[PDB]
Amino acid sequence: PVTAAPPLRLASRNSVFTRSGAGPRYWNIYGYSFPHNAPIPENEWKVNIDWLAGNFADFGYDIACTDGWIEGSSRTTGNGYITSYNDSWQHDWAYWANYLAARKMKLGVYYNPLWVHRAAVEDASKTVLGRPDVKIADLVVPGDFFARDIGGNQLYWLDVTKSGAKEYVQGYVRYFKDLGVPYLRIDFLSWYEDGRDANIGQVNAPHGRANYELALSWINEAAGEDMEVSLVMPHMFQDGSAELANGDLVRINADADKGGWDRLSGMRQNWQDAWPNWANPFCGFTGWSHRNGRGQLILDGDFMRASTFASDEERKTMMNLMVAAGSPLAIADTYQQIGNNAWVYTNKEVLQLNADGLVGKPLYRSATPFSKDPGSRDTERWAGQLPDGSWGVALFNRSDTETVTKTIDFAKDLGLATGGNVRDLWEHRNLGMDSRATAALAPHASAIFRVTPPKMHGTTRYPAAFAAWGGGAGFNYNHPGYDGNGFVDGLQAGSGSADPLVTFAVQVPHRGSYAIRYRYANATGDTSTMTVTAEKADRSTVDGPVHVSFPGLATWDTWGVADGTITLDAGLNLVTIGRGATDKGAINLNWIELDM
């Protein structure tokens, strides 16, 4: 029988945003500001918003998000917080948040709350929120400008060791949250952390690892559950540990820049040990995929610039990659650039994958980090499972010249026993019951499918190799007999301060008790245990934590099925299985099955 267990120790922010699904749908001003190398004029912001409200907001793109070119945003409140996007603007953030609200839309803000504007420093009357004893001037080291070494002299980096720093940072974050902002986009993280950029050189003073960790913790706490934390230009040191602990989204690619295929798939394929580890999002999504999924990180492939691509097939590939990876769907085409390309963003069936919370993984080929061996994961074949047990499957051809066949086999690759109904979401075509999804793809073309397994008596299988991994859990394939492409290992005593775990999202019809199975290996020589919980998206406990027991078997090549009962509620549950300090032994996990 199961016994009560303490909670697992976590190493991620684990917010409602990352637990509830995929990245958000939004529009960003980058399509204006990047080619203009200029802040967006207020009238251009308005006309874009009005265009969004009449076309894309109805398809869920209901956040209008600002971006950089903010050195000219100098006006601040009495506590040093910027009052608008640019000094040329006639209206403040609240005005625009209300204008958006009237159009069923929300404001997204680009700002880094460790920036302190020189104009606020220079006004002795300005003081830290709740700390009238600390002038804004008292928060900075003389000369410690953002981008100092390439000419920056308008924004300071905050000195987090100064009295008042926490109140300033947290107040800045809450300032936007309170304005009704659901999305805060925080850039130039790596430049704060070590003052280095591998494409430029020394850019400003370093601030160090402990200060970076501290700053991120303050931001996380202040954002809470109401505002999503997007981390842009992070170094992702120590396998992204600080960002995972404190954020919802991490950029995984170099900036979209001029867009097109070279930015989507080119530049360089190799990993490097500094921002951005991978340049193109095919490689970055693939390389950071071990950190994705419910309660871990949402991977951010930056901005979609549809008009910058050479063909409609490339445009579909752009969109299909973002959706496959669970990324934010961030349109950067302006009303002038969009042309005849609105359709790219508004395929209801493709969007439905995002709404349902698809977070795909590339097909794993080995356990070796992708940063060390690009053979270890397949950038061109992606799959993820939805809470109802259906799947999104995406196939890509990154060749510039050849037509190439790509295939995902539901047994051999996904680890299912059932096959599934296959629907091509760009043809809008039912292909019927099949054992595989396949396409002969033209250069730069792709295909994306909804795959729906039939369920005997409600039996739904969730393969662990396509679920969310945390705390050191990961992919392997080094003991035969697993269903699918592999299994999850590393489920033993944690190497540090986190407990290894796997998280599954499951959807059921009513509040109550349901029958669960766990296919596992355990050749430790004794019964092993794992801690199992069920929770709502907001982390509220539905079941457990309980120790579930797993009998010892003869060899690591032997697989068994443990049986259990789990209380699941109607709709979305997160079922997490992991190895805590009070658990015994170790297991390898192949899959769970539910009878809903």
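In this text, residue numbers run from 1 along the sequence as written.
Student: Using the B-factors recorded in the PDB entry, average over the C-alpha atoms of 424-432 and of 485-493, then report which stretch comes out higher.
Tutor: Looking at the recorded C-alpha B-factors, 485-493 comes out higher on average.
Student: Averaging the C-alpha B factors as listed in the entry, name the stretch that ends up higher: 512-520 or 252-260.
Tutor: If you average the C-alpha B-factors of 512-520 and of 252-260, the larger mean comes out for 512-520.
Student: Can you tell me which of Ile70, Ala64, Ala38, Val542 has the highest Cα temperature factor in the record?
Tutor: Top of the list by C-alpha B-factor: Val542.
Student: Based on the deposited C-alpha B factors for this chain, I'd like to know if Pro551 is in the lowest, middle or highest third.
Tutor: For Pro551, whose C-alpha B-factor we compare with every modelled residue in the chain, the answer is the highest third.
Student: Test of reading the entry: by CA B factor among the chain's modelled residues, which third contains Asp159?
Tutor: Middle third.
Student: Test of reading the entry: by CA B factor among the chain's modelled residues, which third contains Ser241?
Tutor: According to the entry, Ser241 has a C-alpha B-factor in the chain's middle third.
Student: Consider only the C-alpha atoms of the modelled residues in this chain, order them by B-factor as the entry records it, and name the third containing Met319: lowest, middle or highest.
Tutor: Lowest third.
Student: Should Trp191 be placed in the lowest, middle or highest third of its chain by the C-alpha B factor in the entry?
Tutor: Lowest third.
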